[PDB]
Amino acid sequence: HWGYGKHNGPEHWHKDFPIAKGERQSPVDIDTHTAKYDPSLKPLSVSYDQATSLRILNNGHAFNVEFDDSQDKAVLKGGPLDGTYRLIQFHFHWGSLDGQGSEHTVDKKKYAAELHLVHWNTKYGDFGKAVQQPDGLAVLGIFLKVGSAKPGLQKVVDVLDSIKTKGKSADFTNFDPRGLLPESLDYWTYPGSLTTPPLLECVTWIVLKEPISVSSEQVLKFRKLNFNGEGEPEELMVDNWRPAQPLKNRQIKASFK
Ligand SMILES: NS(=O)(=O)c1ccccc1
Ligand SMILES: [Zn+2]
């Protein structure tokens, strides 16, 4: 099965998932000087006040905080998006060291980690149908740098001990994802894909320019998670990021002048 090891990592994925070499793969390097301000972008609206988190799960690749998406509770609208996109889950990608871990890069700079808030287009009824559409998903990406602690992340950090290994889950109700955002909503946007198999080309990426700061201690606890299941040889869950892919026939647009 696919993973992030030398034997099953990003360089191998194309053998099971040929779209890995496709025309709109993610992540990409964001060359800030080539990205162009787009006046046609509408104001971005992140509306998370009624979010209903449910559970946190170690899926053997990362951990997902899952939300109730049976109604328009936490939604993303505006910006490059047509219509309403509902939050279904968030997760992170991170490194073994502070100098790597992000999937997107900014002028080739790698951040320590990257948060993905995953949303599906409500016009398609469910997530499964949405991933059969070129505009099925919107992922809000947020970079993490190591510095001061992020208070809104601590509840996540403290529950990780209970989901150490693949397949473990825990209740995670009443978590407010608003606490994971930076001050500014300035962003870059481009059409791309899921960054893990099945690598489906359904995503409008919205990558915030301002990183959030998290403490060394917070990211260290991410690195104590395990890729393996309980009772199996320990393989630390680190470096669960795909590197930047060819931009090909795409333009990255900026929300800011
Ligand atoms: N990593 S990502 O593109 O946000 C992703 C989201 C949902 C499923 C698989 C991958
Ligand atoms: Zn992701």
Side-chain angles (χ1 to χ4, degrees), residues 2-5 7-30 57-66 69 80 85-96 100-105 108 110-111 113-121 124-142 165 167 169 188-207 222 225-229 232 236-248 250-252:
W2 72 268
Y4 293 97
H7 66 294
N8 65 356
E11 302 310 312
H12 290 275
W13 295 349
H14 71 99
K15 290 175 283 171
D16 271 348
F17 307 93
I19 204 177
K21 295 177 180 290
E23 300 302 303
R24 52 173 285 185
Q25 289 291 291
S26 294
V28 297
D29 180 56
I30 300 165
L57 167 73
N58 179 333
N59 63 19
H61 310 289
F63 63 84
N64 292 352
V65 174
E66 299 162 349
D69 63 347
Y85 288 69
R86 258 186 222 167
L87 179 65
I88 181 169
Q89 54 108 325
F90 71 78
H91 61 273
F92 303 80
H93 305 262
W94 62 92
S96 52
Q100 66 197 45
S102 67
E103 298 208 300
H104 294 88
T105 55
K108 299 295 174 76
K110 296 172 169 83
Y111 286 89
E114 187 173 330
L115 165 61
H116 290 161
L117 293 129
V118 182
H119 313 74
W120 57 273
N121 191 331
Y124 303 120
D126 73 56
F127 180 95
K129 186 74 62 195
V131 300
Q132 302 171 228
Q133 321 299 329
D135 61 351
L137 301 182
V139 184
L140 181 60
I142 303 177
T165 52
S169 69
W188 298 283
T189 185
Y190 76 97
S193 74
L194 303 177
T195 68
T196 69
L199 300 169
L200 300 172
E201 293 180 334
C202 316
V203 182
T204 301
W205 277 95
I206 300 171
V207 179
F222 283 20
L225 290 164
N226 284 184
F227 280 131
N228 55 281
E232 297 175 351
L236 296 179
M237 183 178 283
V238 295
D239 292 319
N240 59 349
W241 51 277
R242 188 189 197 192
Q245 301 300 306
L247 189 60
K248 301 189 168 181
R250 295 178 285 179
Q251 290 184 151
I252 302 181

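What you see below is based on every heavy atom in this structure, not just the backbone, and it leaves out hydrogens, waters and symmetry mates. Numbers here simply count residues along the sequence, with the first being 1.
- Across all non-hydrogen atoms, the minimal contact from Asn58 to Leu225 is ND2-CD2, 4.3 Å.
- Here the side chains of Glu66 and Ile88 are not in contact, with every heavy-atom distance at 4.5 Å or above.
- Side-chain contact between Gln133 and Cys202: absent, with no pair of heavy atoms (C-beta onward) separated by less than 4.5 Å.
- When side chains are defined from C-beta on, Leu57 does not count as touching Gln89, because their heavy atoms never get closer than 4.5 Å.
- A donor-acceptor distance shorter than 3.5 angstrom exists from the side chain of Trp13 to the backbone of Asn8, with no hydrogens or angles considered.
- Just one of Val139, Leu137, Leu140, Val203 meets the side chain to side chain contact (heavy atoms under 4.5 Å, CB included) condition when paired with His119; it is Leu140.
- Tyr85 contributes atom OH, which lies 4.5 Å from atom OG1 of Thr204 (distance to the nearest 0.5 angstrom).
- Looking at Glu114, its side chain does come within 3.5 Å of a backbone N or O of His104 through a donor-acceptor pair.
- With contacts defined as side-chain heavy-atom distances shorter than 4.5 Å, the pair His116/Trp205 qualifies.
- Annotation: side chain of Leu87 is not in contact with side chain of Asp69 (no heavy-atom distance under 4.5 Å).
- Residues passing the side-chain hydrogen bond (donor to acceptor under 3.5 Å, both in side chains) test with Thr189, sequence neighbours excluded: none.
- Using a distance-only test at 3.5 Å, with no hydrogens or angles considered, no donor-acceptor pair links the side chain of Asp135 to the main chain of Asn121.
- Under the 30°/60° scheme for interplanar angles, the aromatic rings of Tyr4 and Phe227 are found to lie parallel.
- Applying the side chain to side chain contact (heavy atoms under 4.5 Å, CB included) rule to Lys21 yields the partners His14; only residues at least two apart in sequence or on another chain are considered.
- In this structure the side chain of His91 never reaches within 4.5 angstrom of the side chain of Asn59, judged on heavy atoms.
- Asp16 places none of its side-chain heavy atoms less than 4.5 Å from the side chain of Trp2.
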Extract all donor-acceptor atom pairs below 3.5 Å that involve side chains of residues 237-245 and protein atoms in other chains or at least two apart in sequence.
{"residue": "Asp239", "atom": "OD1", "partner": "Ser96", "partner atom": "N", "Å": "3.1"}
{"residue": "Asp239", "atom": "OD1", "partner": "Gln100", "partner atom": "NE2", "Å": "2.8"}
{"residue": "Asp239", "atom": "OD1", "partner": "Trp241", "partner atom": "NE1", "Å": "3.0"}
{"residue": "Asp239", "atom": "OD2", "partner": "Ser96", "partner atom": "OG", "Å": "2.7"}
{"residue": "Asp239", "atom": "OD2", "partner": "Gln100", "partner atom": "NE2", "Å": "3.4"}
{"residue": "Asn240", "atom": "OD1", "partner": "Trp94", "partner atom": "N", "Å": "2.8"}
{"residue": "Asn240", "atom": "ND2", "partner": "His61", "partner atom": "O", "Å": "2.9"}
{"residue": "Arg242", "atom": "NH1", "partner": "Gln25", "partner atom": "OE1", "Å": "2.8"}
{"residue": "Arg242", "atom": "NH1", "partner": "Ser26", "partner atom": "O", "Å": "2.8"}
{"residue": "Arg242", "atom": "NH2", "partner": "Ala20", "partner atom": "O", "Å": "3.2"}
{"residue": "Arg242", "atom": "NH2", "partner": "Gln25", "partner atom": "OE1", "Å": "3.4"}
{"residue": "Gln245", "atom": "NE2", "partner": "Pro243", "partner atom": "O", "Å": "2.8"}

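- The shortest non-hydrogen separation linking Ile142 to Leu117 is CD1-CD1, 3.9 Å.
- Closest approach of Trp120 and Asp126 over heavy atoms only: CZ3-N, 3.6 Å.
- Partners of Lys15 by side-chain hydrogen bond (donor to acceptor under 3.5 Å, both in side chains), not counting sequence neighbours, listed by chain and number: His12.
- Residues meeting the side chain to side chain contact (heavy atoms under 4.5 Å, CB included) test with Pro134, sequence neighbours left out: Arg24.
- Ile206 has its side chain within reach of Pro80: a pair of non-hydrogen atoms, C-beta onward, lies under 4.5 Å apart.
- Among residues two or more places apart in sequence or in another chain, the side-chain hydrogen bond (donor to acceptor under 3.5 Å, both in side chains) test is passed with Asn64 by none.
- The main-chain N or O of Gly22 is found under 3.5 Å from a side-chain atom of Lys248 such that the two form a donor-acceptor pair.
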